């Protein structure tokens, strides 16, 4: 149940993620996704997916949330991320594009909580687990 995070904080994060879905702009898939991030200063940021007529332009909820955090000055030290989506049964897991984005700013043990639309199903995995052998700045020279 996510180490390094108070029960109240985790409860708050999950509430923030479900509510973030309301900010979704998805007139093409109609599939809404919400995401919340807890900073090292215990501040909560939220994001939602934003689609576009040109499908390549879609921005996921996770990336929206991270953009918000980064623009607010929080370069690192994030404590947790919660992702919630309009999936009735299965939990919403971040897509590869988002995993690559998250990997750029968090430590290997960074916790990512994935929920289904109501939170009746949940899973917790670390950044390291979701993106093994991550491609990073080390591959450049």
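Numbering follows the first chain given and starts at 1.
For the segment pair 122-130 and 5-13, the entry gives 5-13 the higher mean B-factor, averaged over Cα atoms. Between 102-110 and 25-33, the higher mean Cα B-factor belongs to 102-110.
Considering 43, 69, 82, 97 together, the PDB entry gives 43 the largest C-alpha B factor. Ranked by Cα temperature factor within the chain, residue 64 sits in the lowest third according to the deposited record. When the CA B factors of the chain's modelled residues are split into thirds, the value for residue 56 lands in the middle one. In the PDB entry, a CA B factor belonging to the highest third of its chain's modelled residues is recorded for residue 91. In this PDB entry, residue 76 carries a Cα temperature factor that places it within the highest third of its chain's modelled residues.
Annotation for residue 49: C-alpha temperature factor in the lowest third relative to the rest of the modelled chain, per the entry.
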